[PDB]
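What follows are structure tokens for two forms of the same protein chain, given separately as structure 1 and structure 2.
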Structure 1
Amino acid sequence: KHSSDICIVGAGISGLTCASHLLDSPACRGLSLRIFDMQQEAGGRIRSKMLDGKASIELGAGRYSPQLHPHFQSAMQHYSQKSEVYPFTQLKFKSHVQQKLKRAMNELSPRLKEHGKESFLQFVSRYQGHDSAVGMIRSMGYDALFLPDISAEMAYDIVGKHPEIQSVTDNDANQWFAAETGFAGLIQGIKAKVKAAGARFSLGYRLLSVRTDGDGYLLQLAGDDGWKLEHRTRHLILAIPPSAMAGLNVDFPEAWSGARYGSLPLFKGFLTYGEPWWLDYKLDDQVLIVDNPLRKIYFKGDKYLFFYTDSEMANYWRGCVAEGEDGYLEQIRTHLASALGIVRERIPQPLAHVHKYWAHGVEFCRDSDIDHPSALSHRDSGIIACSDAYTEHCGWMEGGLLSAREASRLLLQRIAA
């Protein structure tokens, strides 16, 4: 095939801003840059859709706060991307159990200078009994907070920047916004700048092997339809997540950093109906955290509802789709009934649904706190890695912006000298 000077692999937010920071630069004046990505679309873990053509839903990333995500807030304005207020940030539908939870929290919280590295299911079970420490906690909606892998210092953070449970830790100041056309509008924007700057895209292709040959690298990719493709570049950035690099011969994670990483599956499922039936309940633009397997239920206006799930519960939900769409849907009807506390047939059926499951949906720095380089180099061949996961904002979109802007710097200095 062809060849290039720079070769970014991965074309989600970290990959595509990576490239645009390498083109804003004159130190790449008239240099050839190629982007490979696996999917037929650009976006990475960001995906937007129209179901029924009625309203624009988001199968992935959906929220940001300017208070907590400055570079992202700026990247929106930078690309004339119109935001809107994100409704799901207060709870009025609880039973008694989710109440009397902010009180248990604002009190046992500074008692964590003696119980901060421990996982979170016994920092709740050492300061009151277990038979009440699995109720205050699966009342907060994310089953991510029951896994041993990650702690009470990292969990007590995580409760404060998720719009639906932040009122619980002195953080209801922040506003949260959503893209008014969807975050694809932010992607189609960065994509156009990079094309106009003369880069060439190659979507459909997956990297398999890398070998370092003199001044540069020999990539072996494989097309979506089998086409075996070979390509050589002097300079290389793999802006893919950490799970993604485990599968390649790069010595991840050992040759690059002194941290390890996990990841949690996620699951979103969307439904729409003929008539906005949940309105009769004063439930539009509000959110319920129930302890049946739906976990969190959202109604955006009179338009649709969805439900968000994580970790194992996410696997559970991905199990009942392997079983059969119809089996998946009537059981949603079932759980929908015990949440709202009505009978099963007061619940209509959906004209059309749509659902998505993420196998490595959020990847995190597991050696939770460290130097936080924000980008990684090979101790040998000088390949730059680039993910949300290498920053203090593991699992958010601003981590992609930061990892990228850092990454592109290490390569500019690695070219110009």
Structure 2
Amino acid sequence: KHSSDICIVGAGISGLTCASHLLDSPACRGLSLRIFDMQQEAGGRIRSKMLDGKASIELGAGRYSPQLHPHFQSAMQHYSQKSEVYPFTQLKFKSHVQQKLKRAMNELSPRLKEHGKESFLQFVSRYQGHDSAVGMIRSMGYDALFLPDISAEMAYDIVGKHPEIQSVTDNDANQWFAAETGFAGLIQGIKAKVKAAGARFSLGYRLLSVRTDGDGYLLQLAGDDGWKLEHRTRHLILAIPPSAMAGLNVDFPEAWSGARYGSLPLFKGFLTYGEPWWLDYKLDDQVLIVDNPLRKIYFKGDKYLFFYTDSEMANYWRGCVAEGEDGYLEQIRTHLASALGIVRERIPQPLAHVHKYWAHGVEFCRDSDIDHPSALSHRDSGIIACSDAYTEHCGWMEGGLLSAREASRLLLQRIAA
């Protein structure tokens, strides 16, 4: 038999937290747990790396707030991961536009119906012209704020939940932390605890289809070396994001919820140097938000710098990387010089660098349904779906922990019934 009592497809933080809750319940004594992930390492969009062997960098999720993410903070403490303060919470190098509109976003506050749920750009186009509104939105360095299906209501929550811009709203007392060893240390601790409790991991296998087979389910998987594999299970959680769900044969989203779902790409690029040349400019631990394509530039201590972009600007950088390392590094240097107000020859070339493009970096519900529960259920088959996108914290690890707790509750009802 290649079978299991419970199967979790997905070994990001959502899936591994489902596993951890299930194995804690005495109702799962003796039941067997199999965890699939198409990747070769657990973590999903949590991916920590040593750059040049020197320092530790976050290619995916990198920061959290005690105010916004208390379940995440508790997870870090439960698994004894040490946090460090996250420095990039203020813009010391502000602009007239960035100054102007902290004051300007209080005014438009009456958006219940007067502005409602328009686009954020359509909204702000009201207070001042369309031109002025573009420059205001651009100065916050998250290009997703320009998209039409990003409502003005959404946008205000987006802006107050991000550390670089949170001072423009009344979320300016939120505190922020990063992992010292990287969030992968947390992924590793959960994984080890779930393995020691007897769950078995099959990493490197991609789920392709699932069919209901009697009381349980039949899964078709493809290993990344081509090996085709079938698995029977009695209970199934799909701890994968909406974009992955749509690729299956399970009638997503219609058989699952009222809502439609969307996603933004993200891009991060990291560079290290022979000397921490930015210390002369008093830039260590500062973040610059610029209109040029780097958009958000970060100087981490004396160790490295990086930049972070989304939507069309993430696709720009990913395209320019496809045309080869050389023009990519040269474009970066130009835009670094422009952001500092110096000539490109004062920017050294880097020793090492690494980048990462996430085609579906953030996945979110456009709130079409009236209510939206934390985990999902197939109306017919009883498959449970689990993802940060189904919660009040879409786009955050905290949403993963919250979806997983509901997801494991729903599955514990399936055993008790």
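Heads up, when I say rigid core I mean the largest set of C-alphas that superpose within 1.5 Å between the two forms. By convention here, residues take numbers in order along the sequence of structure 1, the first being 1.
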{"item": "Candidates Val97, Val321, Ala246, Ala255 - which moves between structure 1 and structure 2, C-alpha at least 2 Å, core fixed", "value": "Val97"}
{"item": "Core-superposed C-alpha of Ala352 shifting 2 Å or more between structure 1 and structure 2", "value": "no"}
{"item": "Core-superposed C-alpha of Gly226 shifting 2 Å or more between structure 1 and structure 2", "value": "no"}
{"item": "Core-superposed comparison between structure 1 and structure 2, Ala192 Cα displacement 2 Å or beyond", "value": "no"}
{"item": "Between structure 1 and structure 2, C-alpha offset at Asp369 (rigid core aligned, Å)", "value": "6.9"}
{"item": "Cα displacement of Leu108 between structure 1 and structure 2, once the rigid core is superposed (Å)", "value": "2.1"}
{"item": "Rigid-core-superposed Cα shift at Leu51 between structure 1 and structure 2, Å", "value": "1.0"}
